[PDB]
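Chemist: Just passing along the structure, written as structure tokens.
Please note: Cβ atoms are built from the backbone with ideal geometry, for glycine as well, and neighbour counts cover all protein chains shown. Since every read-out is calculated from the coordinates, none of them should be taken as a lab result.
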Amino acid sequence: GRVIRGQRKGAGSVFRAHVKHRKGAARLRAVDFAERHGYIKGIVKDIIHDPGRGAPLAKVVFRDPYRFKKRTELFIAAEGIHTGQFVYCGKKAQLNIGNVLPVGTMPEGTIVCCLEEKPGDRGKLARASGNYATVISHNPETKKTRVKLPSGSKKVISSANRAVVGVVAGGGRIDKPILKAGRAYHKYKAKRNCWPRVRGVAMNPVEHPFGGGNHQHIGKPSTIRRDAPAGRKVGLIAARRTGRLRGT
RNA sequence: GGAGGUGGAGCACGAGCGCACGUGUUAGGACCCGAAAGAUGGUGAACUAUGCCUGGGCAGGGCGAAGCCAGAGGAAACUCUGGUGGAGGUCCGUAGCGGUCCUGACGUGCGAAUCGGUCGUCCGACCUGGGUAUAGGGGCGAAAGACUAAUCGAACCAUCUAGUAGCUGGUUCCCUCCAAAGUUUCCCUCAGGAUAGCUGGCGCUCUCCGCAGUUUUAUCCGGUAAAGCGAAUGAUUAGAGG
RNA sequence: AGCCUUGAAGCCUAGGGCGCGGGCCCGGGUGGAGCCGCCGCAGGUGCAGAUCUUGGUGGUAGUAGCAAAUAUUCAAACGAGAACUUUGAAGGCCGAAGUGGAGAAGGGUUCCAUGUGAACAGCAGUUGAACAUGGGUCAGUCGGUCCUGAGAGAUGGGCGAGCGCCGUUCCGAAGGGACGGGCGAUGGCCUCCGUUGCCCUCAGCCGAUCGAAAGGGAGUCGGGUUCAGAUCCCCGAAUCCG
RNA sequence: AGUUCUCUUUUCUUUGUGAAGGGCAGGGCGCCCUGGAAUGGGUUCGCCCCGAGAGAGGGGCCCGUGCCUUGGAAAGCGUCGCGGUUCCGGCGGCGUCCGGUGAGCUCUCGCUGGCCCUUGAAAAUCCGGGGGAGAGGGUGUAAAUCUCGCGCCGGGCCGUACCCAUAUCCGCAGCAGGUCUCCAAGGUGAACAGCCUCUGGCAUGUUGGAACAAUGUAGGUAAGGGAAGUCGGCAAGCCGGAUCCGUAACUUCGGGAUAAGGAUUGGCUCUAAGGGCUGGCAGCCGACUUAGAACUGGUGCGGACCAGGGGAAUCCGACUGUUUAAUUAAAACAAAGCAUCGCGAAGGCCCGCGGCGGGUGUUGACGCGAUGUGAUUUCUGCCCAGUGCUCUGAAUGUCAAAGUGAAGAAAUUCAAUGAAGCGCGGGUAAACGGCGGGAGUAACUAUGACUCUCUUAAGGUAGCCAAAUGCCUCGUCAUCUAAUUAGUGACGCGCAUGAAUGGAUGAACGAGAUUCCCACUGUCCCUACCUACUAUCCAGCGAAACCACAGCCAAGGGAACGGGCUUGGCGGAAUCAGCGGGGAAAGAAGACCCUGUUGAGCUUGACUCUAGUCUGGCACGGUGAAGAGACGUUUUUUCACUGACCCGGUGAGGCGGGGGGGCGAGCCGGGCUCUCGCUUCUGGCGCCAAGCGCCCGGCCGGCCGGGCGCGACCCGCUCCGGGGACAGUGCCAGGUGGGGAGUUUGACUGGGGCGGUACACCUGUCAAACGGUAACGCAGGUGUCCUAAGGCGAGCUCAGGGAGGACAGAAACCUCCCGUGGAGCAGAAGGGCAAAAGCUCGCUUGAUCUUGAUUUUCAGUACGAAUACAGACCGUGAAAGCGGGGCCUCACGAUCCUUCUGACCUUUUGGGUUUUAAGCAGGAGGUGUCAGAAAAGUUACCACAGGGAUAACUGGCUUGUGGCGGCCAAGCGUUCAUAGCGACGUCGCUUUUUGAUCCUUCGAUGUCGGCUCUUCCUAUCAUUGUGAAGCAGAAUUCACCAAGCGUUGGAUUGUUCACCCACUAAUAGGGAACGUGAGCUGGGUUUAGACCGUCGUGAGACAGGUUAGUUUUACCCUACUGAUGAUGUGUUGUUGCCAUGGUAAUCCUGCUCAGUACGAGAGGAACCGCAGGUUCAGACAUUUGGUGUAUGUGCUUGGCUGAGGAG
Ligand SMILES: [Mg+2]
Ligand SMILES: [Mg+2]
Ligand SMILES: [Mg+2]
Ligand SMILES: [Mg+2]
Ligand SMILES: [Mg+2]
Ligand SMILES: [Mg+2]
Ligand SMILES: [Mg+2]
Ligand SMILES: [Mg+2]
Ligand SMILES: [Mg+2]
Ligand SMILES: [Mg+2]
Ligand SMILES: [Mg+2]
Ligand SMILES: [Mg+2]
Ligand SMILES: [Mg+2]
Ligand SMILES: [Mg+2]
Ligand SMILES: [Mg+2]
Ligand SMILES: [Mg+2]
Ligand SMILES: [Mg+2]
Ligand SMILES: [Mg+2]
Ligand SMILES: [Mg+2]
Ligand SMILES: [Mg+2]
Ligand SMILES: [Mg+2]
Ligand SMILES: [Mg+2]
Ligand SMILES: [Mg+2]
Ligand SMILES: [Mg+2]
Ligand SMILES: [Mg+2]
Ligand SMILES: [Mg+2]
Ligand SMILES: [Mg+2]
Ligand SMILES: [Mg+2]
Ligand SMILES: [Mg+2]
Ligand SMILES: [Mg+2]
Ligand SMILES: [Mg+2]
Ligand SMILES: [Mg+2]
Ligand SMILES: [Mg+2]
Ligand SMILES: [Mg+2]
Ligand SMILES: [Mg+2]
Ligand SMILES: [Mg+2]
Ligand SMILES: [Mg+2]
Ligand SMILES: [Mg+2]
Ligand SMILES: [Mg+2]
Ligand SMILES: [Mg+2]
Ligand SMILES: [Mg+2]
Ligand SMILES: [Mg+2]
Ligand SMILES: [Mg+2]
Ligand SMILES: [Mg+2]
Ligand SMILES: [Mg+2]
Ligand SMILES: [Mg+2]
Ligand SMILES: [Mg+2]
Ligand SMILES: [Mg+2]
Ligand SMILES: [Mg+2]
Ligand SMILES: [Mg+2]
Ligand SMILES: [Mg+2]
Ligand SMILES: [Mg+2]
Ligand SMILES: [Mg+2]
Ligand SMILES: [Mg+2]
Ligand SMILES: [Mg+2]
Ligand SMILES: [Mg+2]
Ligand SMILES: [Mg+2]
Ligand SMILES: [Mg+2]
Ligand SMILES: [Mg+2]
Ligand SMILES: [Mg+2]
Ligand SMILES: [Mg+2]
Ligand SMILES: [Mg+2]
Ligand SMILES: [Mg+2]
Ligand SMILES: [Mg+2]
Ligand SMILES: [Mg+2]
Ligand SMILES: [Mg+2]
Ligand SMILES: [Mg+2]
Ligand SMILES: [Mg+2]
Ligand SMILES: [Mg+2]
Ligand SMILES: [Mg+2]
Ligand SMILES: [Mg+2]
Ligand SMILES: [Mg+2]
Ligand SMILES: [Mg+2]
Ligand SMILES: [Mg+2]
Ligand SMILES: [Mg+2]
Ligand SMILES: [Mg+2]
Ligand SMILES: [Mg+2]
Ligand SMILES: [Mg+2]
Ligand SMILES: [Mg+2]
Ligand SMILES: [Mg+2]
Ligand SMILES: [Mg+2]
Ligand SMILES: [Mg+2]
Ligand SMILES: [Mg+2]
Ligand SMILES: [Mg+2]
Ligand SMILES: [Mg+2]
Ligand SMILES: [Mg+2]
Ligand SMILES: [Mg+2]
Ligand SMILES: [Mg+2]
Ligand SMILES: [Mg+2]
Ligand SMILES: [Mg+2]
Ligand SMILES: [Mg+2]
Ligand SMILES: [Mg+2]
Ligand SMILES: [Mg+2]
Ligand SMILES: [Mg+2]
Ligand SMILES: [Mg+2]
């Protein structure tokens, strides 16, 4: 057989991300003395559409505490922030939508977005439009916090991780039917070469495990073990169950 | 050390070595020509496939979404009527792009895919130039095993390589003499080999008793043809007397 | 002590013969320089075939054919020669999505003048994009040149038997610059200023480089002019940059 | 300048001003000031705007490509007129003028809106602003400075022609192909449509002349009919623009929709309405439109061009979109929607030989990655047994290396321990998939709600169906027709329907499949005519395919279909136009089929591996506390540490500790518990130090200028965080591993496959009286069994029968008699056997050890089996003897390797001892394909070498079967065998059935059916002439001579076949390579795409359905059709003969005979005559019809010649 499409996606080539018109990587501020010990002020200059991303991005301007300069940051825009608003980042910022605070200082039940996976990484969790994490509890002895992620998993993270108060803007996006293949053509023309998707059973056995046959059938179970070699790991990968999810 | 059996490619008064010529068998390109393949290293995205960058392009009509204006009705909710408006992977249809049927033309063509009428679509998942990216068990594929320079169910180039072929084709002067086999056994043996038989050549040991695809005379051997079933085995018809 | 310019090989021949045959001898002609008998040696040594190789030639056969896109005619000229060339006049066609006028890619002299009519232009030609002999492309302002794009690609580093490969800010002492100030040295319109060396002071760019004759990118227009060049030459009037 | 016969103050051409600067229109402003607005107002085609300031006034700015002006009239152009060397930017006159209009077209500038789960580059480069470090002069000879106006100098290098495409480029070429752009006139018209014209261009596309035959290619037209044609309406035809009217089912309310169906349309002359400017009015200007009316023509008018046929349904797919470049455009693919699955980053998925490598990722679960289904609507049932996937694990079977323990001289052996994985247990079907059988039963019959029973993991639920899925099958009923293998609607024990392997539906849509209806027609009945280009003939020019030699037939035989050969018929130069019978014509070493110890693509439960991946050990690999062990050391568990190692951030910018200061608490002002480090209202600003303290320099306490410190705490060893002795990496070991690699996937065989085993053996037969002897010949057996069923000895005698004896009988046991084996001897059969070879006892291990010879198969090899001996040991018997397996004929296995037994055995390499190892001899472990490879599929995506050794056509032999025909005569026929039939039997013929066979063809003979066309057979349906009937007539039946002439139109089906409708004299049957594809067609079959069912894990398969799928060449020879001609008659002509060859007419209706013969009646003929018709043939055009480019004559659309007229 030949190399299957899933195998070919890894080599880059025609499967690389379309990043020509993107505005930059969205991140928090790099952690420095002001955020470690106090707060720093910023002003929301603009809120912009980012090609390929559902959530809007906010362009925030800070003062440089060591040089006569203005620093432009590119944040995930929490819902409800507006241009000309002041946002504040640091240990002693106040609990307001759009401010950046360590999760250790936030009371239980706070709703946050663009949360750091590790202290200082500048925001990695709950960045998709409409999403957010929640604060469950703190352990000041171990200096750690328990948060609930948009997938529903609960994670233990360092209390020093920063986050933005509120939920990401642009929520409810998936509630609209696309209605058109052409509208899905445009959705992914901004993202990457992944659309449309041809089915495994619709190919020949040379390019897919499910291909071939005088009937379009899988022929073999579609739940494939976790350790199957690349080019065989297709279908339901390491599925714990299958069928209709009935119940809780 | 003896006697008596038995295994040896031995001894029993050498015959070898060297050189040359022929014939045969074989290892080598191996009598000559012939695969589908496999391997190594390289050249191609000027066609085409797909992503990206930067440019160009797409008459005239039909239908008439939301929004809005006015008049009418109504207790309210709101309803009705006439206009305005100009949406759409919307419709007819040009350029363009494509290529349904005639199973039309042509079929040593104009053409290694073209031509005519008729047809699909024609603001979009649209058409297109150049730039750039992906290279051969690799790419790329809205998926036909499609496309990847007239090459694709694995490109092209050189080499390995005069690849192997129990298989097809061919195999070049004269006269003279002799002259077959298609059968036995073994073989992943059944289009092939080895093996015995059948042939030829070289002789040599004798001769001018031996032998014989023959009969004769003796002497054995045999269970077929025929015959038999009022003889065994098997099969089978009719009466008769007890 | 072979043959041969008093004629070798080769070739041709309704000439005379020999041999069962393979073949050979002699005669005549052409030819123009070498060749053969016998004893031995050696072999890339004998063709009718292989859809054999290469070259040549037939019949087919003066045959298929020279039928896509409406169309030609009259007179004159040159000339050996005219259905096809030139001029004039008619009749037609393309019918501004052109059979018009200009470019890009590609070609590379095909462009222009004169000459030829051998070959080629599937009839002909007095004609041609053929052949021959000579010419023709002029820029601060139109492009390239510069920028970066998708991307490509060195160094540091890493990997690698190795040619090398990965990688493009990532494991890097990555600045050879500057207003100014202070110490000197040299010169000149020697008055005092330049230049120049060192020290002090100041200093993010953070990625060499390549990448578009359609993207970004200052500034040229009118008239005339040649066989062929012109927003380039000449005339006139301007303008950007330094 | 054109026209002017007539008219036309006419028609045509032409009638400029660059850049840059200045000015002014015009356009735009989300710009300013006054002011304060509801009775809200302003305002656009739409919008939209306002107390966050509308209207109204007055300003400002930006673009001004428009106009004026300098440029600049000097130039250019038009026209007229003069000169020259006359190849002069030659010189002169005049002119280059005044207005209108527009949803017009093209370009551009601007305003305003809509669309996006799409938001639509970067950089070089240039500019403005904020700040104020600095500099400049001291009132002048002014300075620093100036983005102002002039002036001065320079701008190097490379490209530049021309073509730019029915002849400059790529397709071998001047190739009907391909190849990116810019400008873009008048008329008609909605129009960049088509048609005509101007500017510009061209010469008909690599030649001309003359004809006007066939057959073509491309256009047309056809009376009457109207799909009867054909697989199928293929093709053509109909409709078509616009206005006015009108418009159904169904529907997702958007559509359907140009539904369907009507009417109108020309020309001319008018009427009305629809506006602008200046000053309810007046005047002056204007742009095309709409509506209405009269008149008018031979009812013609969207007059050319342009330009939808329609309706009722069924299947499939929602749609738009895409696709096999070059045979498949589709129902296939995609799609939105739906549902699953993995993953929280040291991660999921993937790349990569390699790493601190790479893609997703400029990403973060509303995400990325992997699958299935396929819009909406409605629903999606049961099954976790199987196969997968997944989850739990010291509780725990197996389990590698390493490590631990014991034995030993050690090698080594043994033991304990026990990672993953497997086993074990849960979950899971929108994972792959799956979802029964029998019997009885309701008061007629039928069904059978109901019951019993076997049964699996469920036993097919809702639905749906002869569906693209049902074999039987052309299912049954109904509808559609005259007639229907078609369609539709129902039915449903459904070979083999069914629920995201999605079931059912349903609007809109479709170059998708199918049926019917209206309309239309040359598809047809049934063909004809016309036009153009060919073909044709000529001048010029000029190939190629192909070719053993060739080219007339019948039969024969022959490699079974001859051009050649045999026997006959016969044969006459050279040619032209056609033609498609033959040359089993050409084209390509057959793709089908088989064989090959030839492949390749693909699959998997094949064999052997392998990347990756999971898992354990060793190393890098450290520090310290505890817990549990073992004897101060050492193993292990937990908890920590950091310094290796890893990760993240940053321009490595304030880290740890202490000091200093502020608010609180609290003990008797001080000490501490302990916390804090100066920014949160506003879409400002924020650096390059102020201040203070202390030193220093230069000049005259005063000026000028420097340095340090505090401001800005001190000390520190990793920049700051996060991990961390683990990730990870290196090397080993176990598991997984069609993701990938290589390879295999027997043979025989009346083709192969399936089936068998005739593959190694044995008995009887074949087998033809020695032996041998074949077939997928016939009847059978074999892979064992036996401590005795081996060996010896003795003693007995068996099967069966007769007759007797308590229970006792057909059969128990006892007795006598007969008994040649009719029993038994393990088994298949054949042979053999009676004081034995059988049965029963006693004793035994000759079934032991050993060398040779021989026999059988045979090559005179091996094995196996067997035969005589010889040497030992033995058994048995009194002994002779007999016995080294079974009474005989079968019962079995090389080399290499392993294992055992044997010797005071040999070797173990410099010697010696000892373990080990190797030798030598004999057994065993096994190859059954049995003289002995280690081995699964599929290919319709397929390949090569061959094969007529071998299948799929024809032909050939045969003729079982099929068909047809006799003979006998029991019967039938009321009677009566034979008018007509005919059993039980039996003899033939035929090659239009199917077989059987494999002779020809696999370097190819085109595979069904139809169409068309000719010919032949007779086994006769009709017709002519006849014979016989159970022949009264009529009708019918049987038979004879007999193939002259006929044997038809249709519905369903691809059909051959079949069936039905209808007409008819009749509706006979057949051959010609199952006649006929260089004759067609291509419906079926039979490539590649795709769907369904059944089957398969799968790739894939299916004499099962379904849909779409390239049909090549003639100019050669012959034959045939026509056309010139040839011989020789001296030449030449006219008129003739006819040898030979062809050959043709056919059948039916009416009237009359005649309501007659005949007959009870009912019914009901015939000959002769008369009048017509059918089929066929040969002509013909007076008539009717068709054609019509006489391009004949009217009419007419658009354009063109100024108009008329003529065109
Ligand atoms: Mg595979
Ligand atoms: Mg496919
Ligand atoms: Mg020999
Ligand atoms: Mg060779
Ligand atoms: Mg040899
Ligand atoms: Mg190989
Ligand atoms: Mg390209
Ligand atoms: Mg459309
Ligand atoms: Mg359309
Ligand atoms: Mg065709
Ligand atoms: Mg042709
Ligand atoms: Mg690759
Ligand atoms: Mg396929
Ligand atoms: Mg070769
Ligand atoms: Mg062979
Ligand atoms: Mg063998
Ligand atoms: Mg052979
Ligand atoms: Mg016998
Ligand atoms: Mg006999
Ligand atoms: Mg001669
Ligand atoms: Mg010479
Ligand atoms: Mg030689
Ligand atoms: Mg030769
Ligand atoms: Mg030769
Ligand atoms: Mg000719
Ligand atoms: Mg042109
Ligand atoms: Mg030109
Ligand atoms: Mg010529
Ligand atoms: Mg020229
Ligand atoms: Mg590189
Ligand atoms: Mg550059
Ligand atoms: Mg450029
Ligand atoms: Mg106002
Ligand atoms: Mg003038
Ligand atoms: Mg300032
Ligand atoms: Mg030029
Ligand atoms: Mg012409
Ligand atoms: Mg011409
Ligand atoms: Mg041409
Ligand atoms: Mg031509
Ligand atoms: Mg007609
Ligand atoms: Mg008619
Ligand atoms: Mg019909
Ligand atoms: Mg018919
Ligand atoms: Mg049609
Ligand atoms: Mg309709
Ligand atoms: Mg579709
Ligand atoms: Mg595509
Ligand atoms: Mg195709
Ligand atoms: Mg097609
Ligand atoms: Mg699924
Ligand atoms: Mg299960
Ligand atoms: Mg059911
Ligand atoms: Mg029909
Ligand atoms: Mg039905
Ligand atoms: Mg289900
Ligand atoms: Mg199914
Ligand atoms: Mg000619
Ligand atoms: Mg022949
Ligand atoms: Mg002869
Ligand atoms: Mg023929
Ligand atoms: Mg042929
Ligand atoms: Mg062959
Ligand atoms: Mg072949
Ligand atoms: Mg073989
Ligand atoms: Mg293979
Ligand atoms: Mg291959
Ligand atoms: Mg296996
Ligand atoms: Mg595998
Ligand atoms: Mg494999
Ligand atoms: Mg075989
Ligand atoms: Mg005999
Ligand atoms: Mg005895
Ligand atoms: Mg003995
Ligand atoms: Mg015995
Ligand atoms: Mg061996
Ligand atoms: Mg297939
Ligand atoms: Mg098949
Ligand atoms: Mg046959
Ligand atoms: Mg018969
Ligand atoms: Mg009787
Ligand atoms: Mg044969
Ligand atoms: Mg035979
Ligand atoms: Mg042949
Ligand atoms: Mg033929
Ligand atoms: Mg007869
Ligand atoms: Mg036939
Ligand atoms: Mg034929
Ligand atoms: Mg054909
Ligand atoms: Mg077909
Ligand atoms: Mg097919
Ligand atoms: Mg299945
Ligand atoms: Mg007439
Ligand atoms: Mg007429
Ligand atoms: Mg007129």
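Chemist: Taking the range A:74-100 on its own, how many of its residues are closer than 21 Å to residue A:135 by Cα and either touching a helix residue (DSSP H, G or I) at 6+ places or on another chain (Cβ under 7 Å) or of a type in the set (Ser, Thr, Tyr) (or both)?
Modeler: The qualifying residues number 4.
Chemist: Any idea which of A:171, A:98, A:152, A:123 is part of a loop (DSSP other than H, G, I, E, B), surrounded by fewer than 19 Cβ atoms within 10 Å (Cβ to Cβ), of a type outside the set (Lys, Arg) and touching a residue at least 60 places away in the same chain (Cβ under 8 Å)?
Modeler: Values: A:98 fails: surrounded by fewer than 19 Cβ atoms within 10 Å (Cβ to Cβ); A:152 fails: touching a residue at least 60 places away in the same chain (Cβ under 8 Å); A:123 fails: surrounded by fewer than 19 Cβ atoms within 10 Å (Cβ to Cβ).
Selected residue: A:171, the only one of A:171, A:98, A:152, A:123 that is part of a loop (DSSP other than H, G, I, E, B), surrounded by fewer than 19 Cβ atoms within 10 Å (Cβ to Cβ), of a type outside the set (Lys, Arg) and touching a residue at least 60 places away in the same chain (Cβ under 8 Å).
Chemist: I've got another one for you. Restricting attention to the range A:137-145, does a residue exist that is out of contact with any strand residue (DSSP E or B) (no Cβ under 6 Å at 6 or more places or on another chain), loosely packed, with under 11 Cβ neighbours inside 10 Å and either within 24 Å of residue A:74 (Cα to Cα) or of a type in the set (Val, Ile, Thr) (or both)?
Modeler: There is at least one residue in the range A:137-145 that is out of contact with any strand residue (DSSP E or B) (no Cβ under 6 Å at 6 or more places or on another chain), loosely packed, with under 11 Cβ neighbours inside 10 Å and either within 24 Å of residue A:74 (Cα to Cα) or of a type in the set (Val, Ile, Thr) (or both).
Chemist: Considering only the range A:196-213, state which residues are surrounded by 13 or more Cβ atoms within 10 Å (Cβ to Cβ) and either more than 21 Å from residue A:228 (Cβ to Cβ) or touching a strand residue (DSSP E or B) at 6+ places or on another chain (Cβ under 9 Å) (or both).
Modeler: Answer for the range A:196-213, where residues must be surrounded by 13 or more Cβ atoms within 10 Å (Cβ to Cβ) and either more than 21 Å from residue A:228 (Cβ to Cβ) or touching a strand residue (DSSP E or B) at 6+ places or on another chain (Cβ under 9 Å) (or both): just A:209.
Chemist: State whether the residues of the range A:172-192 include one that is within 30 Å of residue A:88 (Cα to Cα) and either over 27 Å from the mean Cα position of the chain (by Cα) or away from ligand 12 (no atom under 16 Å from the Cβ) (or both).
Modeler: Yes, the range A:172-192 has at least one match.
Chemist: Could you give every pair whose Cβ atoms fall below 6 Å, whose first residue belongs to the range A:1-23 and is closer than 20 Å to residue A:211 by Cβ, and whose second residue is part of a loop (DSSP other than H, G, I, E, B) and near RNA strand D (Cβ under 6 Å from one of its atoms), counting only separations of at least 6 or pairs across chains?
Modeler: Pairs found: A:1/A:206; A:2/A:206; A:4/A:231; A:7/A:230; A:7/A:231.
Chemist: May I ask you to list pairs of residues, at least six apart or on different chains, whose Cβ atoms are under 8 Å apart, with the first in the range A:57-73 being away from RNA strand B (no atom under 16 Å from the Cβ) and the second being polar (S, T, N, Q)?
Modeler: Note: pairs meeting the criteria are A:59/A:72; A:60/A:72; A:61/A:72.
Chemist: Now, a different point. If you take the residues of the range A:74-89 that are among the small types (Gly, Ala, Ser) and closer than 17 Å to residue A:26 by Cα, which of them is surrounded by the fewest Cβ atoms within 10 Å (Cβ to Cβ)?
Modeler: Narrowing the range A:74-89 to residues among the small types (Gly, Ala, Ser): A:77-78, A:80, A:84.
Within this subset, residues satisfying the condition of being closer than 17 Å to residue A:26 by Cα are A:77-78.
On the way: A:77: 29, A:78: 26.
Step by step, filter the range A:74-89, then rank; the result is A:78.
Okay, residues lined up against (1) within 6 Å of RNA strand D (Cβ to nearest atom); (2) surrounded by 11 or more Cβ atoms within 10 Å (Cβ to Cβ):
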{"residue": "A:7", "(1), (2)": "yes, yes"}
{"residue": "A:13", "(1), (2)": "no, no"}
{"residue": "A:22", "(1), (2)": "yes, yes"}
{"residue": "A:27", "(1), (2)": "no, yes"}
{"residue": "A:59", "(1), (2)": "no, yes"}
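Chemist: For the range A:212-248, how many residues are within 27 Å of the chain's Cα centre (by Cα) and within 13 Å of RNA strand B (Cβ to nearest atom)?
Modeler: So the count comes out to 2.
Chemist: Which ones in the range A:148-207 are within 16 Å of RNA strand B (Cβ to nearest atom) and touching a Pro at 6+ places or on another chain (Cβ under 6 Å)?
Modeler: Passing the criteria: only A:190.
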